[PDB]
Amino acid sequence: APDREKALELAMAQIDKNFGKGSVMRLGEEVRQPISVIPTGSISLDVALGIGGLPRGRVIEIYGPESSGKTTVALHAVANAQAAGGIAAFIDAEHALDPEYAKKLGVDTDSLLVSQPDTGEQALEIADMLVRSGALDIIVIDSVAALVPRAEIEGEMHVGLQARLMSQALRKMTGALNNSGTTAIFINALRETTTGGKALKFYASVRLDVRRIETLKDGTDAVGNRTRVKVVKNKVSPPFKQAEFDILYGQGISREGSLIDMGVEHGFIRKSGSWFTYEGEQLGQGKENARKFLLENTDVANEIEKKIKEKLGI
Ligand SMILES: Nc1ncnc2c1ncn2[C@@H]1O[C@H](COP(=O)(O)OP(=O)(O)OP(O)(O)=S)[C@@H](O)[C@H]1O
Ligand SMILES: [Cl-]
């Protein structure tokens, strides 16, 4: 009577039904759940996510050391939800946002709702209220850590409160997020759990481990920094995939850079040691020269984007 593959699928099906699609998956499964997404700003990360971007109506955690590139991704996500006509909100407990930098990443600052709460409770309630209006495509909360409880803020001499705070708010908010379809990005700067990163680990549909890995030099001097993101949790597509990309000083994710990495790995652009070539024409010697080439030769790149796009999904 026993036929494993048969029994297994019956079990997996039963599992998803009882707990939700994505409760169990084969790591190599080719996901076919289009959903609705907010492109990450990084083509590769969109691919790593398996669905083309951050899922809508879900809790997203983006953690890692400072200057890891978390905020950049958050800002790009906002920029993209806006181009699609979405409205964005920013719950700020850090007072670090640099609107001029955000504009550069394409964010329409003037339309950005910003709120600087007095307490963690207040910050999450304001977020809950904004979300339940169903009017937002995305909402980013700067600093899970910054969400300190009112009592602490007022000198209360008694603990476990800030994590409990993140739990209860997350319990209430997820419902509205799904109904509204608003993607909520919690930025968690570390020094995976910043007091309340505890409940966030379970409530999230996606958790991004962001980390700096290399300083982009090309020549002796610095041009920017390369970031590596690992999708440690993904309840909508097989997890653990990884992605890398360049964020040049004063710029967001380098599109050209992403086109040069995927293009090389997917054979569209050949790379003999030190020289990048594309179907019968030189791009230059050195990751950076190629970037320069693609920045200028806008016609190229678009086709390379085209090809890389078609090859996976546009
Ligand atoms: N205001 C800015 N002005 C110029 N460059 C910036 C600015 N913000 C970010 N960048 C660029 O992107 C990098 C920092 O990215 P962030 O997303 O701010 O890092 P992070 O991981 O979010 O660190 P935290 O704790 O949020 S600051 C910088 O090293 C620059 O390359
Ligand atoms: Cl994107």
# chains A, B, ... in the order shown; residues from 1 in each chain; ligands from 1
>>> closest_atom_pairs(of="stretch 230-283 of chain A", to="stretch 59-80 of chain A", cutoff="12 Å", atoms="only C-alpha atoms", output="tab-separated table")
residue	atom	partner	partner_atom	distance
A:230	CA	A:62	CA	10.1
A:231	CA	A:62	CA	9.5
A:232	CA	A:61	CA	10.3
A:233	CA	A:61	CA	9.4
A:234	CA	A:60	CA	9.6
A:235	CA	A:59	CA	10.7
A:236	CA	A:60	CA	11.9
A:244	CA	A:69	CA	11.1
A:245	CA	A:69	CA	10.1
A:246	CA	A:69	CA	9.6
A:247	CA	A:69	CA	7.7
A:248	CA	A:69	CA	10.7
A:249	CA	A:69	CA	11.1
A:250	CA	A:72	CA	10.3
A:251	CA	A:72	CA	8.9
A:252	CA	A:72	CA	6.1
A:253	CA	A:72	CA	7.6
A:254	CA	A:72	CA	11.3
A:255	CA	A:76	CA	11.9
>>> write_last_selection(atoms="C-alpha atoms", output="PDB file, in the first residue's frame")
ATOM      1  CA  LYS A 230      20.399  36.150   2.675  1.00  0.00           C
ATOM      2  CA  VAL A 231      16.689  35.351   2.733  1.00  0.00           C
ATOM      3  CA  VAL A 232      16.781  33.341   5.942  1.00  0.00           C
ATOM      4  CA  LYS A 233      13.012  33.117   6.125  1.00  0.00           C
ATOM      5  CA  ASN A 234      10.588  32.918   3.264  1.00  0.00           C
ATOM      6  CA  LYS A 235       7.050  31.663   3.709  1.00  0.00           C
ATOM      7  CA  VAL A 236       6.061  32.330   0.084  1.00  0.00           C
ATOM      8  CA  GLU A 244      24.425  40.450  -3.722  1.00  0.00           C
ATOM      9  CA  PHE A 245      24.552  43.934  -5.153  1.00  0.00           C
ATOM     10  CA  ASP A 246      26.476  47.189  -5.107  1.00  0.00           C
ATOM     11  CA  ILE A 247      25.451  50.414  -3.400  1.00  0.00           C
ATOM     12  CA  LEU A 248      27.764  53.217  -4.506  1.00  0.00           C
ATOM     13  CA  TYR A 249      28.358  56.081  -2.071  1.00  0.00           C
ATOM     14  CA  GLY A 250      25.416  58.487  -2.393  1.00  0.00           C
ATOM     15  CA  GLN A 251      23.523  56.121  -4.690  1.00  0.00           C
ATOM     16  CA  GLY A 252      21.077  53.291  -4.102  1.00  0.00           C
ATOM     17  CA  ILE A 253      21.394  49.831  -5.623  1.00  0.00           C
ATOM     18  CA  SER A 254      23.472  49.955  -8.816  1.00  0.00           C
ATOM     19  CA  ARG A 255      21.268  48.625 -11.595  1.00  0.00           C
TER      20      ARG A 255
END
>>> select_by_dssp(residues="stretch 68-166 of chain A", states="helix (DSSP H, G or I)", output="PyMOL selection string")
chain A and resi 70-83+99-104+109-111+120-132+144-146+150-153+161-166
>>> residues_around(residues="stretch 27-41 of chain A", least_positions_apart="4", cutoff="7 Å", atoms="only C-alpha atoms", output="number ranges by chain")
A: 45-46, 50-56, 73, 76-77, 80-81, 237-238, 253
>>> write_last_selection(atoms="N, CA, C and O atoms", output="mmCIF file, in the first residue's frame")
data_model
loop_
_atom_site.group_PDB
_atom_site.id
_atom_site.type_symbol
_atom_site.label_atom_id
_atom_site.label_comp_id
_atom_site.auth_asym_id
_atom_site.auth_seq_id
_atom_site.Cartn_x
_atom_site.Cartn_y
_atom_site.Cartn_z
ATOM 1 N N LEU A 45 18.010 40.183 -5.639
ATOM 2 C CA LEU A 45 17.267 39.945 -4.411
ATOM 3 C C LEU A 45 15.823 39.555 -4.753
ATOM 4 O O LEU A 45 15.227 38.684 -4.101
ATOM 5 N N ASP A 46 15.269 40.195 -5.783
ATOM 6 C CA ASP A 46 13.916 39.888 -6.235
ATOM 7 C C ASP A 46 13.881 38.425 -6.641
ATOM 8 O O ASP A 46 12.914 37.715 -6.369
ATOM 9 N N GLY A 50 12.342 34.721 -4.951
ATOM 10 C CA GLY A 50 11.531 33.804 -5.733
ATOM 11 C C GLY A 50 10.243 34.374 -6.329
ATOM 12 O O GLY A 50 9.695 33.800 -7.270
ATOM 13 N N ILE A 51 9.746 35.492 -5.806
ATOM 14 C CA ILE A 51 8.505 36.056 -6.324
ATOM 15 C C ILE A 51 8.638 37.412 -7.001
ATOM 16 O O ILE A 51 7.634 38.027 -7.358
ATOM 17 N N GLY A 52 9.866 37.889 -7.171
ATOM 18 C CA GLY A 52 10.054 39.171 -7.833
ATOM 19 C C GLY A 52 10.076 40.389 -6.933
ATOM 20 O O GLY A 52 10.189 41.516 -7.422
ATOM 21 N N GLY A 53 9.969 40.174 -5.625
ATOM 22 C CA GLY A 53 9.996 41.286 -4.691
ATOM 23 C C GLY A 53 9.413 40.953 -3.334
ATOM 24 O O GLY A 53 9.099 39.794 -3.050
ATOM 25 N N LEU A 54 9.266 41.960 -2.483
ATOM 26 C CA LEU A 54 8.700 41.726 -1.161
ATOM 27 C C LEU A 54 7.212 41.456 -1.350
ATOM 28 O O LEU A 54 6.538 42.126 -2.136
ATOM 29 N N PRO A 55 6.684 40.456 -0.649
ATOM 30 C CA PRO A 55 5.264 40.126 -0.771
ATOM 31 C C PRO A 55 4.409 41.212 -0.171
ATOM 32 O O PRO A 55 4.793 41.828 0.815
ATOM 33 N N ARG A 56 3.245 41.453 -0.754
ATOM 34 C CA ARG A 56 2.363 42.475 -0.212
ATOM 35 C C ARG A 56 1.490 41.920 0.903
ATOM 36 O O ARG A 56 1.195 40.722 0.933
ATOM 37 N N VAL A 73 17.536 49.439 0.955
ATOM 38 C CA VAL A 73 16.515 48.534 0.439
ATOM 39 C C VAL A 73 15.125 49.055 0.835
ATOM 40 O O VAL A 73 14.228 49.157 0.003
ATOM 41 N N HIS A 76 14.207 51.891 -1.373
ATOM 42 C CA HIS A 76 13.910 51.479 -2.743
ATOM 43 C C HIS A 76 12.524 50.856 -2.789
ATOM 44 O O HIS A 76 11.746 51.128 -3.694
ATOM 45 N N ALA A 77 12.214 50.020 -1.806
ATOM 46 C CA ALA A 77 10.913 49.372 -1.766
ATOM 47 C C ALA A 77 9.827 50.429 -1.786
ATOM 48 O O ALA A 77 8.864 50.317 -2.533
ATOM 49 N N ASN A 80 9.458 52.148 -5.210
ATOM 50 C CA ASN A 80 8.752 51.295 -6.154
ATOM 51 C C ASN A 80 7.273 51.175 -5.868
ATOM 52 O O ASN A 80 6.476 51.092 -6.796
ATOM 53 N N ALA A 81 6.884 51.151 -4.600
ATOM 54 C CA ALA A 81 5.455 51.044 -4.323
ATOM 55 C C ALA A 81 4.764 52.344 -4.770
ATOM 56 O O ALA A 81 3.590 52.340 -5.154
ATOM 57 N N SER A 237 8.074 31.307 -0.790
ATOM 58 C CA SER A 237 8.913 30.697 -1.796
ATOM 59 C C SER A 237 10.044 30.035 -1.009
ATOM 60 O O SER A 237 10.296 30.399 0.135
ATOM 61 N N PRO A 238 10.713 29.031 -1.584
ATOM 62 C CA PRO A 238 11.808 28.354 -0.882
ATOM 63 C C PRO A 238 12.809 29.364 -0.301
ATOM 64 O O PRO A 238 13.288 30.254 -1.014
ATOM 65 N N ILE A 253 20.893 51.061 -5.034
ATOM 66 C CA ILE A 253 21.394 49.831 -5.623
ATOM 67 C C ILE A 253 21.812 50.165 -7.054
ATOM 68 O O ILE A 253 21.067 50.822 -7.781
#
>>> residues_around(residues="residue A:281", least_positions_apart="4", cutoff="10 Å", atoms="only C-alpha atoms", output="ChimeraX atom specification")
/A:269,276-277
>>> closest_residue(among="A:171, A:4, A:270, A:291", to="residue A:257", atoms="only C-alpha atoms")
A:291
>>> closest_atom_pairs(of="stretch 120-174 of chain A", to="stretch 108-113 of chain A", cutoff="12 Å", atoms="only C-alpha atoms", output="Markdown table")
| residue | atom | partner | partner_atom | distance |
| --- | --- | --- | --- | --- |
| A:126 | CA | A:113 | CA | 11.3 |
| A:127 | CA | A:113 | CA | 10.8 |
| A:130 | CA | A:113 | CA | 9.6 |
| A:131 | CA | A:113 | CA | 12.0 |
| A:135 | CA | A:113 | CA | 11.6 |
| A:136 | CA | A:113 | CA | 9.9 |
| A:137 | CA | A:112 | CA | 11.6 |
| A:138 | CA | A:112 | CA | 10.5 |
| A:139 | CA | A:113 | CA | 9.1 |
| A:140 | CA | A:113 | CA | 10.4 |
| A:141 | CA | A:113 | CA | 11.8 |
>>> write_last_selection(atoms="N, CA and C atoms", output="tab-separated table (two decimals), in the first residue's frame")
chain	number	residue	atom	x	y	z
A	126	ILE	N	0.15	53.98	15.90
A	126	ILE	CA	0.04	54.87	14.77
A	126	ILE	C	0.15	54.05	13.50
A	127	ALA	N	1.02	53.05	13.53
A	127	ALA	CA	1.21	52.17	12.39
A	127	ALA	C	-0.02	51.30	12.16
A	130	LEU	N	-2.79	53.59	10.69
A	130	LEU	CA	-2.52	53.90	9.28
A	130	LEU	C	-2.78	52.68	8.41
A	131	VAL	N	-2.37	51.51	8.88
A	131	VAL	CA	-2.57	50.29	8.13
A	131	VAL	C	-4.06	49.95	7.94
A	135	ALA	N	-5.43	52.26	3.13
A	135	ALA	CA	-4.94	53.18	2.12
A	135	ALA	C	-3.45	53.10	1.76
A	136	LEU	N	-2.68	52.25	2.44
A	136	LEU	CA	-1.24	52.16	2.20
A	136	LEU	C	-0.72	50.90	1.53
A	137	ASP	N	0.26	51.08	0.65
A	137	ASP	CA	0.89	49.97	-0.05
A	137	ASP	C	2.05	49.42	0.79
A	138	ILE	N	2.74	50.32	1.48
A	138	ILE	CA	3.86	49.92	2.30
A	138	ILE	C	4.07	50.86	3.49
A	139	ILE	N	4.64	50.33	4.56
A	139	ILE	CA	4.95	51.10	5.76
A	139	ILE	C	6.24	50.53	6.36
A	140	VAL	N	7.23	51.39	6.57
A	140	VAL	CA	8.49	50.95	7.13
A	140	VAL	C	8.64	51.55	8.52
A	141	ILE	N	9.09	50.73	9.47
A	141	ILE	CA	9.28	51.14	10.85
A	141	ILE	C	10.78	51.16	11.10
>>> residues_around(residues="stretch 309-314 of chain A", least_positions_apart="3", cutoff="9 Å", atoms="only C-alpha atoms", output="PDB file with N, CA, C and O atoms, in the first residue's frame")
ATOM      1  N   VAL A  47      14.943  37.982  -7.311  1.00  0.00           N
ATOM      2  CA  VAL A  47      15.053  36.590  -7.735  1.00  0.00           C
ATOM      3  C   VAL A  47      15.215  35.718  -6.486  1.00  0.00           C
ATOM      4  O   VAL A  47      14.468  34.758  -6.297  1.00  0.00           O
ATOM      5  N   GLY A  52       9.866  37.889  -7.171  1.00  0.00           N
ATOM      6  CA  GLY A  52      10.054  39.171  -7.833  1.00  0.00           C
ATOM      7  C   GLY A  52      10.076  40.389  -6.933  1.00  0.00           C
ATOM      8  O   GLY A  52      10.189  41.516  -7.422  1.00  0.00           O
ATOM      9  N   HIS A 266      24.831  34.286 -15.718  1.00  0.00           N
ATOM     10  CA  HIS A 266      23.920  33.628 -16.637  1.00  0.00           C
ATOM     11  C   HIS A 266      24.420  33.650 -18.068  1.00  0.00           C
ATOM     12  O   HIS A 266      23.641  33.620 -19.015  1.00  0.00           O
ATOM     13  N   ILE A 304      20.361  43.633 -22.261  1.00  0.00           N
ATOM     14  CA  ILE A 304      20.909  42.670 -21.313  1.00  0.00           C
ATOM     15  C   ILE A 304      19.924  42.460 -20.171  1.00  0.00           C
ATOM     16  O   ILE A 304      19.817  41.372 -19.610  1.00  0.00           O
ATOM     17  N   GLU A 305      19.194  43.513 -19.839  1.00  0.00           N
ATOM     18  CA  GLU A 305      18.201  43.435 -18.788  1.00  0.00           C
ATOM     19  C   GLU A 305      17.141  42.554 -19.428  1.00  0.00           C
ATOM     20  O   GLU A 305      16.704  41.554 -18.857  1.00  0.00           O
ATOM     21  N   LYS A 306      16.759  42.932 -20.640  1.00  0.00           N
ATOM     22  CA  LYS A 306      15.756  42.202 -21.395  1.00  0.00           C
ATOM     23  C   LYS A 306      16.054  40.707 -21.346  1.00  0.00           C
ATOM     24  O   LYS A 306      15.245  39.923 -20.850  1.00  0.00           O
TER      25      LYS A 306
END
>>> closest_residue(among="A:219, A:280, A:196, A:117", to="residue A:170", atoms="only C-alpha atoms")
A:196
>>> select_by_dssp(residues="stretch 160-276 of chain A", states="strand (DSSP E or B)", output="PyMOL selection string")
chain A and resi 183-189+206-216+224-234+242-248+253+269-272+275-276
>>> atom_distance(atom1="atom CA of residue A:90", atom2="atom CA of residue A:115")
6.3 Å
>>> closest_residue(among="A:258, A:14, A:188, A:122", to="residue A:287", atoms="only C-alpha atoms")
A:258
>>> atom_distance(atom1="atom CA of residue A:91", atom2="atom CA of residue A:143")
9.1 Å
>>> atom_distance(atom1="atom 3 (N, counted along the ligand's line) of ligand 1", atom2="atom CA of residue A:85")
25.8 Å
>>> closest_residue(among="A:296, A:89, A:148, A:224", to="ligand 1", atoms="only C-alpha atoms and all ligand atoms")
A:224
>>> closest_atom_pairs(of="stretch 187-284 of chain A", to="stretch 178-183 of chain A", cutoff="12 Å", atoms="only C-alpha atoms", output="tab-separated table")
residue	atom	partner	partner_atom	distance
A:204	CA	A:183	CA	10.7
A:205	CA	A:183	CA	10.3
A:206	CA	A:183	CA	10.7
>>> closest_residue(among="A:1, A:159, A:49, A:11", to="ligand 2", atoms="only C-alpha atoms and all ligand atoms")
A:49
>>> closest_residue(among="A:199, A:290, A:93, A:8", to="ligand 1", atoms="only C-alpha atoms and all ligand atoms")
A:93
>>> residues_around(residues="residue A:272", least_positions_apart="2", cutoff="12 Å", atoms="only C-alpha atoms", output="PyMOL selection string")
chain A and resi 264+267+269-270+274-278+282-286
>>> write_last_selection(atoms="C-alpha atoms", output="PDB file, in the first residue's frame")
ATOM      1  CA  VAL A 264      28.027  37.182 -16.107  1.00  0.00           C
ATOM      2  CA  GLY A 267      26.350  33.692 -19.522  1.00  0.00           C
ATOM      3  CA  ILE A 269      27.997  38.593 -20.790  1.00  0.00           C
ATOM      4  CA  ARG A 270      31.300  36.767 -21.118  1.00  0.00           C
ATOM      5  CA  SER A 274      39.638  41.280 -16.309  1.00  0.00           C
ATOM      6  CA  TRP A 275      37.660  42.074 -19.485  1.00  0.00           C
ATOM      7  CA  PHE A 276      33.854  42.010 -19.733  1.00  0.00           C
ATOM      8  CA  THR A 277      32.378  41.439 -23.211  1.00  0.00           C
ATOM      9  CA  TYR A 278      28.789  41.372 -24.479  1.00  0.00           C
ATOM     10  CA  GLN A 282      33.827  45.253 -25.194  1.00  0.00           C
ATOM     11  CA  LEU A 283      32.494  46.640 -21.916  1.00  0.00           C
ATOM     12  CA  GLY A 284      35.835  47.333 -20.287  1.00  0.00           C
ATOM     13  CA  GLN A 285      38.472  45.948 -17.953  1.00  0.00           C
ATOM     14  CA  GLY A 286      37.316  45.998 -14.340  1.00  0.00           C
TER      15      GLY A 286
END
>>> residues_around(residues="stretch 151-157 of chain A", least_positions_apart="2", cutoff="10 Å", atoms="only C-alpha atoms", output="ChimeraX atom specification")
/A:118-120,148-149,159,161-162
